[PDB]
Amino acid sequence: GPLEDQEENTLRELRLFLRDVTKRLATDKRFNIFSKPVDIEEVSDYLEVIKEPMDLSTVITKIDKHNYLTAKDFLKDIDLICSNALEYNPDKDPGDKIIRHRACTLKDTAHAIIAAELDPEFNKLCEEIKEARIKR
């Protein structure tokens, strides 16, 4: 009915918005290491250290599978990408500092894009849609 139709429109443009944001992050060359899942040959112990891996391609997949009801849930997976890089790469060799700084840069960039371009009242409507669906 009308309620369900208005709900789907809201989420449709949320997905269009998040899909545009995720594309702007993957094409940024600084974040290329986060745009695809890791190759285990490069990091054979990665799945023993990182219990919940995440990347930008997987984020796109979850956008299309309708897994995100809010922009905050989208940012939780961006934050997961960053905290995983901080957990797997310790503050030691010079290469470690590079990827750790790129991870925090990726996290700050994504939060700043959402904060500048997402209407707060559109966002609150998404938050209300999610809470209604979780408890119904």
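Counting begins at 1, following the sequence as shown. Just so we're on the same page, rigid core means the largest C-alpha set that superposes within 1.5 Å between forms.
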Practice task
Any chance you could tell me whether 65-73 or 36-44 drifts more in 4 other deposited structures of this protein, judged by RMS CA distance from this form after superposing on the core?
Solution key: 36-44
Completion exercise
Top-deviation stretch by C-alpha RMS in 4 other deposited structures of this protein (rigid core reference), from 92-100, 76-84, is 92-100
Handout entry: Mean C-alpha B-factor comparison - 25-33 and 52-60, higher one
Key = 25-33
Completion exercise
Assert higher mean C-alpha B factor (90-98 or 73-81, deposited values) equals 90-98
Handout entry: Chain-relative CA temperature factor third for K65
Key = highest
Handout entry: Record-listed C-alpha B factor of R136: chain third
Key = highest
Practice task
Grab the CA temperature factor for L47 from the record and place it in the lowest, middle or highest third of its chain.
Solution key: middle
